[PDB]
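Protein chains in written order, with the numbering used here: chain P, 4 to 435; chain V, 4 to 435; chain S, 236 to 664.
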Amino acid sequence: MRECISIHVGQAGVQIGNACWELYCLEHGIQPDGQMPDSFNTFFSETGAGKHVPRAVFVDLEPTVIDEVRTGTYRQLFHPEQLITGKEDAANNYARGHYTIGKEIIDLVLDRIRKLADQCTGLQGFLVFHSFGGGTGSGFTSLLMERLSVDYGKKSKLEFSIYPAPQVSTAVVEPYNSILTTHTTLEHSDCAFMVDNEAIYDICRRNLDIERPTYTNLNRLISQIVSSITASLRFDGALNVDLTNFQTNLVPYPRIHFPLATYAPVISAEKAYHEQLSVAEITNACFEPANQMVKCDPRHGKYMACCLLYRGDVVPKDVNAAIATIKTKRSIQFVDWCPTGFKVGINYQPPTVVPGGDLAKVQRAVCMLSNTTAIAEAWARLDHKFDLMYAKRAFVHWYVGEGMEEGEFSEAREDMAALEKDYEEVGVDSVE
Amino acid sequence: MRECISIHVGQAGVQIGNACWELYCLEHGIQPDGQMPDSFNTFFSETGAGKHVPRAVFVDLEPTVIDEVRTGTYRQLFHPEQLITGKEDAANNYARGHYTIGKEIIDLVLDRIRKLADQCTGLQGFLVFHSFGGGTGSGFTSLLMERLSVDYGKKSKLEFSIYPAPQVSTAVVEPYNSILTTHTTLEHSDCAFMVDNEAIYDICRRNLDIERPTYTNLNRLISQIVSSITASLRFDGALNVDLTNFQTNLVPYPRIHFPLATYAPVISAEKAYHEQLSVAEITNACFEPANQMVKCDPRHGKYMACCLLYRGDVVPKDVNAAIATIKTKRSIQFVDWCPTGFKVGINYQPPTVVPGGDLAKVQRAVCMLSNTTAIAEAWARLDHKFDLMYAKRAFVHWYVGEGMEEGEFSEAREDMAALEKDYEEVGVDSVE
Amino acid sequence: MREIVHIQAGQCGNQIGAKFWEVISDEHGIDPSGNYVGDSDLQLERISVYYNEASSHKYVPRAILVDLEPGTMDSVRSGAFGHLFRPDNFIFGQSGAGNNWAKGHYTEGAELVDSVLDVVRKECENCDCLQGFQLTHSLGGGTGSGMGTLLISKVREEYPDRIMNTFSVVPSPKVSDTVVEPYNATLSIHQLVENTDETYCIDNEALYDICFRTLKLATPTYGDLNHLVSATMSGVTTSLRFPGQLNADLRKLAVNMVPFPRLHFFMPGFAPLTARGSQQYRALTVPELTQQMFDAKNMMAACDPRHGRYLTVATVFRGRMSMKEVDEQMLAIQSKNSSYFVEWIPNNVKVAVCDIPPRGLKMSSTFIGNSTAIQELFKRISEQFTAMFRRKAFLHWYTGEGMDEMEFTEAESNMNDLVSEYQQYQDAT
Ligand SMILES: Nc1nc2c(ncn2[C@@H]2O[C@H](COP(=O)(O)OP(=O)(O)OP(=O)(O)O)[C@@H](O)[C@H]2O)c(=O)[nH]1
Ligand SMILES: Nc1nc2c(ncn2[C@@H]2O[C@H](COP(=O)(O)OP(=O)(O)OP(=O)(O)O)[C@@H](O)[C@H]2O)c(=O)[nH]1
Ligand SMILES: Nc1nc2c(ncn2[C@@H]2O[C@H](COP(=O)(O)OP(=O)(O)OP(=O)(O)O)[C@@H](O)[C@H]2O)c(=O)[nH]1
Ligand SMILES: [Mg+2]
Ligand SMILES: [Mg+2]
Ligand SMILES: [Mg+2]
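Shown next as structure tokens:
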């Protein structure tokens, strides 16, 4: 009745999806064999038997990760129809993943998407998971998003983009991939969620006391975020909320749709006690900049819009009191022309702890989605890097030989500057 | 509804807090695990479970003492959030603890303080425990008190300062630390309690017959003093009293707020019998200069103000009779311009003996807080020492290289002289 | 945290370090193989400050052994308690300075200083928080003095913030093992007053006196003296590696004992000292230890404190005790020795108490005295040098190794300035 499909590009996308579907299975009490020893109708379809399968699509050019998924514990769960594999990865080259190699299987992915869509009736939207550094990520995301937006006129489209960290990088040509893919996705993405690895590293080390965190833990956190986002659809609440509500409440202007996510509470198992976890307490934890999942201090900007999804046993009266108190603060400042920048959603289902995980089970949790102007600053940094790596025309020859024009780089930089200018200009106050 | 938070600087502060929270747990019947197989609402917050945690903050630069606390019996009780540790101790150098090292964690301590304050609603005041000899003590006390007084305009602030003994010293540069920290705290401290180790040594040896007392026993005594001070808030009495009452009744002038504490009864367990412990008897015991916890004979000065807190089964009629008799005495002389220098408070809860301790349980106890002019003399001695150690400009180079000016020493000495002059001048009588 | 890096120069320094690391391993219950088999978590909680845990739960001493001759290093590798050392640490040349300070500071030192500094920087980056360095060497041998001065100069030029400790065996007044040691002693002392934070002058004369008389031993070998000095050092640092009712660290001692930057030379003293039979004939009292620490015969520096005054005094106690008792001892001893302290410093005793005793005994005490009498010592050395510089005897070796007479002139001038400062501040009222 209300279905939403998933797409995973690149190794980051695949691992994030592993965590996400793991979490969803844990939620709806689903065995790795599709059995459950309605609720699940949104994400799981049901075969003739009592077995269920997830409406998921996995795509990559390197078959190693998909082979790991097939040989992983969640083997029997997936439908081997969707586990699309290529031959050679884009190799951190947007040109390969957007002009040369992605063409080989773009048709196959589109066909699988259409077949899944035709068997669904309450199609809500697309959850695209993909990094930015990897050429697979940028190229295939650009291609697939363009194709889908061409096909379906107006349907929800959500991305969970792994924004490259300011200093902690892994690749070398990350500015190029990021700039190209952002210039592309600026026109197609309904609403994209920036997430950085460095911020999650900081959060896990300081708050969860894990001195050496692995990618698994970051994937756990992002899966928690996604589950809390969709819990309003997947369950009932005193005040539910849909994705169209989000896009209506968080997009004052058609271009500015790049919020960031934050989650709470996050405390070690040994620290489950020693605090009562007030709704005001978790509110403060959310709004504390040390918990925001993108390396930007909001105190340098204004929250243009904020949304809070609570799950568990919550009461709107105290929630409203805490929010009103938050508004009374000074450093948390919004635009003058926006009188109220808060949307509230409540769900009765508390989150469930991941077995073998690192967090501790709680009775109330809150996810925050904030669209502010501080995030604008982040873009500038990347442009900075790009400019240097573009001043010497370094690494350009790979893309040139792959069928790309320098004018594309110039125009992408211009579009990034235009977006940053729009962000800053909206950040200003109104006359009279 | 009425909450008051604690801060502990330096090893002396930490050990004193160990004793204090031990005593409070013994009072409210609190297991080391926050269970109690309202009253406790003032000092203990309660988690979702039946577990309670103390609104305490521990700060030090040497991690050894905090590690001992963590490995001590009271491990599970504390919240590991507050046990702030540094790397290198101030090392009896006020400059290190006030300009160089304290900056590293001052923000963290302030953040913890603010978070604790926001979860409290009846915030009463701050109980700062810190010695003077240790550079950690002086430097961090100055810094933190300045920050808190800057933040909160008018709230109660209490210190329990370990004044350096006249002859029995442990460090060498104690005059410098003491002078600097006193010049600082003169403007911020609402009310500070002088306590000396030598006086407590004398009291334990002579009255409790303990020939070789350890620091533990002194900590027990000071914990008893603090518990008797707050028993009026933590319980009901025929005539209760609050901290604001104390500051109104003991501060004739804005600068003179340096009282000293005395406690009674103090008798060995084998001497529990052989005396009936009259209210007049314990009154005489309190007013006897051999029991005052600061090395100053009050017979060389005048009591400007006196306050008596009784706990246990007491009756105001005989209390008043004993006090009136005390007034009739000669050597106990006050200022001519003050007609009555007594405040009285009564609580129904008798003190409870510390298990494994040295004292004997009683049914009535009395704490005395006296603001007199004899204590003024003490300051002079320190100045004396300082002058000598400043005449040769000894040890100055450490502070100079740490970012301090000799003019600071000169101005601190001048301010100490000004305070002593004010004390003596108020000590005089009035014209006509 | 607060890890301390140990450096040893000179043959005497190497022997002292061997015995000292033996003592440390015994204290922490560390076998010669480097594995911990102890029973007290206290040892493991602060083991990092002196050791590094390699995988498979092995422990290695954070020490560096330096010389220019292979004999001493070969001996160390030969005997037991040598395996646990990191075999790459043994930096050594082939010639040996040979009591020529110019060789140990200009020619030979310039060859191995590179490797030494490389290993030092590696160790520095390996540790979490650096507290300071403790150095072991001599002042007579050219190796010890020259290379120690060179390393101290370079390190201080690389770490102006860290604290530096040196345990320099000052040559004895009466007995002299060499012929030319005044020259190198003067030069090394010049460099020390230049770039050191504290120097623990020690003489073999005083150690021999103590071993022969107090311990009642007619045959004192170098092993015994080295064991004594090792016990002194362990007692100095044990306030860091163990809890105590009143703890101290190197920074606190540095602040307390140095009123003025130049006067930073101390003398140590240890208690108790009992023979094999004379042990159960005495009560182990804090007063007993206090009175043992204060007397001429029990000072490891050949200089009567009665001839001068104590600028500062520090005391570190081990084993359980009551603070009040120690306070009474300090007040009584200051009362009776009112003529033995500077007037312009009231309460010149710096007390610290640990909570772990020295092996099989019940309590112990270490005394660190910064006095003025030591200048007399220096005086004598200068006089020796003075005579040996009047005829410029043996000068040609240093002259042909690059040094000039102006160097000796400046060194003697600086030493005389230091002695004058010490005497003047003794006379300060
Ligand atoms: N959040 C998160 N991000 C990851 C994780 N693993 C990798 N990433 C990010 O994702 C990127 C991985 O590159 P991909 O997008 O998968 O590129 P690819 O699939 O290897 O294809 P090529 O670009 O041709 O190499 C890296 O730059 C990482 O920053 C993960 O486990 N969690
Ligand atoms: N009342 C009481 N006082 C103590 C006790 N232990 C130590 N003190 C006093 O507190 C001081 C301890 O120094 P601190 O203030 O802790 O200084 P620190 O933490 O060591 O930091 P540094 O100043 O850099 O050395 C000593 O001078 C003692 O006089 C105790 O158990 N009870
Ligand atoms: N206290 C003590 N001193 C020692 C011991 N062994 C040697 N010494 C002293 O240390 C000095 C040894 O000379 P080093 O400084 O090591 O010089 P070196 O390494 O032999 O190199 P050269 O100077 O060229 O001979 C001698 O002068 C002795 O006075 C010892 O066991 N204990
Ligand atoms: Mg790839
Ligand atoms: Mg300290
Ligand atoms: Mg040699």
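C-beta atoms are modelled at their ideal positions from N, C-alpha and C, and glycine is treated no differently.
Problem - Beta-carbon neighbours of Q279(P), restricted to chain V and to distances below 8 angstroms - result: If you number the first sequence from 1, residue 279(P) lands on position 276. What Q279(P) touches in chain V: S48, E49, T50 and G51.
Practice task
Compare the C-alpha of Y266(P) against each of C23(P), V175(P), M371(P) and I33(P) and name the closest.
Solution key: Looking up residue 266(P) in the first sequence gives position 263. Among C23(P), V175(P), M371(P) and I33(P), the Cα nearest to that of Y266(P) belongs to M371(P).
Handout entry: Contact under 8 angstroms by Cβ, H101(P) with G137(P)
Key = The residue given as residue 101(P) occupies position 98 in the first sequence. The residue given as residue 137(P) occupies position 134 in the first sequence. No.
Handout entry: 6 angstroms Cβ shell around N430(S) - same chain, five flanking residues per side excluded
Key = Residue numbering aside, residue 430(S) sits at position 195 when the third sequence is read from its first letter. So the list reads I387, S388 and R391, once near-sequence residues are dropped.
Problem - CB contact check: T607(S) to chain V, cutoff 8 angstroms - result: What you label residue 607(S) is simply residue 372 of the third sequence in a count that begins at 1. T607(S) does not count as touching chain V.
Problem - Check: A94(V) C-beta below 7 angstroms from any heavy atom of ligand 5 - result: Translated into the one-based positions of the second sequence, residue 94(V) becomes position 91. Indeed, a heavy atom of ligand 5 lies less than 7 angstroms from the Cβ.
Practice task
Just grab the DSSP bridge partners of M399(S) for me.
Solution key: For the purposes of this step, residue 399(S) is taken as residue 164 along the third sequence, with counting starting at 1. Paired residues: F368(S).
Handout entry: Length of the line joining the Cα atoms of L221(V) and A368(V)
Key = Within the second sequence, the letter at position 218 stands for residue 221(V). Within the second sequence, the letter at position 365 stands for residue 368(V). Roughly 18 angstroms between the two C-alpha positions.
Problem - Whole-angstrom distance between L319(S) and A420(S), CA atom to CA atom - result: For this step, residue 420(S) is matched to residue 185 along the third sequence. For this step, residue 319(S) is matched to residue 84 along the third sequence. When rounded, the distance between both Cα atoms is 33 angstroms.
Exercise for the section: Throw me the rounded Cβ distance for the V60(V) and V112(V) pair, which I believe falls under 8 angstroms. Expected result: The count along the second sequence starts at 1 and reaches residue 60(V) at position 57. The count along the second sequence starts at 1 and reaches residue 112(V) at position 109. Right, the Cβ-Cβ distance comes to about 7 angstroms (below 8 angstroms), so this counts as a contact.
Handout entry: Nearest neighbour of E65(P), chosen from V72(P), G53(P), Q79(P) and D92(P) [CA to CA]
Key = Working through the first sequence from its first residue, we reach residue 65(P) at position 62. It is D92(P).
Problem - Distance cut-off 7 angstroms: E304(S) Cβ against heavy atoms of ligand 6 - result: By 1-based counting over the third sequence, the position of residue 304(S) is 69. Checking every heavy atom of ligand 6 against the Cβ of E304(S), one is found closer than 7 angstroms.
Exercise for the section: Can you tell me which of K157(V), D321(V), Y306(V) and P83(V) puts its alpha carbon nearest to the alpha carbon of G128(V)? Expected result: Residue numbering aside, residue 128(V) sits at position 125 when the second sequence is read from its first letter. That would be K157(V), whose Cα lies nearest to the Cα of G128(V).
Practice task
State the DSSP-derived secondary structure class of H260(V), mapped to helix, strand or coil.
Solution key: If you number the second sequence from 1, residue 260(V) lands on position 257. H260(V) falls in the coil class under three-state DSSP.
Practice task
Identify the continuous alpha helix (DSSP H) that holds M407(V) and give its terminal residues.
Solution key: As a working note, residue 407(V) is residue 404 in the second sequence. Where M407(V) is concerned, there is no enclosing alpha helix (DSSP H), given that its DSSP letter is neither H nor E.
Handout entry: Closest residue to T185(V) among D321(V), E417(V) and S433(V) (Cα-Cα distance)
Key = Taking the first residue of the second sequence as 1, we reach residue 185(V) at position 182. Minimum Cα distance to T185(V) is reached at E417(V).
Practice task
Ignore the nearest five residues each way along the sequence and tell me which others in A244(S)'s own chain have a CB closer than 6 angstroms to its CB.
Solution key: Along the third sequence, read from residue 1 onward, the residue named residue 244(S) stands at position 9. Excluding positions up to five away in sequence, the list reads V301, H372, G379, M382 and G383.
Practice task
Determine, using beta carbons only, whether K559(S) and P216(V) come nearer to each other than 8 angstroms.
Solution key: Within the third sequence, numbered from 1, the residue matching residue 559(S) stands at position 324. Within the second sequence, numbered from 1, the residue matching residue 216(V) stands at position 213. Yes, these two residues count as a Cβ contact at 8 angstroms.
Practice task
Measure from the C-beta of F398(V) to each C-beta in chain S and report whether the shortest distance is under 8 angstroms.
Solution key: Indexing the second sequence from 1 puts residue 398(V) at position 395. With 8 angstroms as the cut-off, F398(V) counts as an interface residue toward chain S.
Practice task
Using a cut-off of 7 angstroms between C-beta atoms, extract the partners of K54(V) located in chain P.
Solution key: Along the second sequence, read from residue 1 onward, the residue named residue 54(V) stands at position 51. Per Cβ cutoff of 7 angstroms: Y276.
Handout entry: Listed by chain order, chain V residues near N491(S) by CB distance under 8 angstroms
Key = The residue labelled residue 491(S) in the question sits at position 256 within the third sequence. What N491(S) touches in chain V: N95, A174, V175 and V176.
Exercise for the section: Please compile the residues from chain V whose C-beta is within a distance smaller than 7 angstroms of the C-beta of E656(S). Expected result: Working through the third sequence from its first residue, we reach residue 656(S) at position 421. The premise fails here: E656(S) is roughly 13 angstroms from chain V at the closest Cβ pair, so nothing lies under 7 angstroms.
Exercise for the section: Say yes only if the C-beta of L64(P) is nearer than 7 angstroms to one or more non-hydrogen atoms of ligand 4, and no if none qualify. Expected result: Walking along the first sequence from the start, residue 64(P) turns up at place 61. Yes, ligand 4 has a heavy atom inside 7 angstroms of this Cβ.
Practice task
Please confirm whether any heavy atom of ligand 1 lies closer than 7 angstroms to the CB of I242(S).
Solution key: Looking up residue 242(S) in the third sequence gives position 7. No, the beta carbon of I242(S) sits no closer than 7 angstroms to any heavy atom of ligand 1.
Handout entry: Sufficient close CB pairs (3 or more, under 8 angstroms) joining the region 316-329 of chain P to the region 401-412 of chain P
Key = no
Problem - Neighbouring residues, chain V, relative to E214(P) (Cβ below 9 angstroms) - result: Taking the first sequence and counting its residues from 1, one reaches residue 214(P) at position 211. Those within 9 angstroms of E214(P) in chain V number zero; the least Cβ separation is about 15 angstroms.
Problem - Cβ-Cβ separation, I445(S) to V405(S) (assumed contact under 8 angstroms), whole Å - result: What you label residue 405(S) is simply residue 170 of the third sequence in a count that begins at 1. What you label residue 445(S) is simply residue 210 of the third sequence in a count that begins at 1. Not quite, the Cβ-Cβ distance comes to about 15 angstroms (not below 8 angstroms), so this is no contact.
Exercise for the section: Evaluate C310(V) with the Cβ neighbour count: other Cβ atoms within 10 Å of its Cβ, from every protein chain shown; 16 or more gives buried, anything less gives exposed. Expected result: By 1-based counting over the second sequence, the position of residue 310(V) is 307. With 16 or more Cβ atoms within 10 Å of its Cβ, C310(V) is classed as buried.
Exercise for the section: Write down every uninterrupted run of the beta strand (DSSP E) in the region 315-375 of chain V whose length is 3 residues or greater and which is fully enclosed by it, in chain order. Expected result: 345-350 and 367-375
Handout entry: Close Cβ partners of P167(P) (< 6 angstroms) along its chain, the five nearest in sequence each way excluded
Key = Position 164 of the first sequence, counting from 1, holds the residue named residue 167(P). So the qualifying residues of the chain are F135, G136, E177 and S181.
Practice task
Express the C-alpha separation of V548(S) and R511(S) in angstroms, rounding to a whole number.
Solution key: Counting from 1 along the third sequence, the entry for residue 511(S) is found at position 276. Counting from 1 along the third sequence, the entry for residue 548(S) is found at position 313. So the two alpha carbons sit approximately 30 angstroms from each other.
Exercise for the section: Find the nearest neighbour of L263(P) within the set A379(P), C28(P), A394(P) and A383(P), judged by alpha-carbon distance. Expected result: Within the first sequence, residue 263(P) is the residue found at index 260, counting from 1. Comparing Cα-Cα distances from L263(P) to each of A379(P), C28(P), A394(P) and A383(P), the minimum goes to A379(P).
Practice task
Give the interface partners of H82(V) over in chain P, defined as CB-CB distance under 9 angstroms, in chain order.
Solution key: As a position in the second sequence, residue 82(V) is number 79, starting the count at 1. Within 9 angstroms Cβ-Cβ: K274, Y276, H277 and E278.
Exercise for the section: Excluding the 5 residues preceding and the 5 following residue 2(P) in the sequence, name in chain order all residues of the same chain whose CB lies nearer than 6 angstroms to its CB. Expected result: No answer is possible for residue 2(P): it lies beyond the span of chain P, which begins at 4 and ends at 435.
Practice task
Could you have a look at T188(V) and say whether DSSP puts it in helix, strand or coil?
Solution key: The sequence position of residue 188(V) within the second sequence is 185, counting from 1. Of the three classes helix, strand and coil, the one that applies to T188(V) here is helix, per DSSP.
Problem - Best match in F477(S), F368(S) and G376(S) for proximity to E262(S) [C-alpha to C-alpha] - result: Looking up residue 262(S) in the third sequence gives position 27. Nearest of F477(S), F368(S) and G376(S) to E262(S), Cα basis: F477(S).
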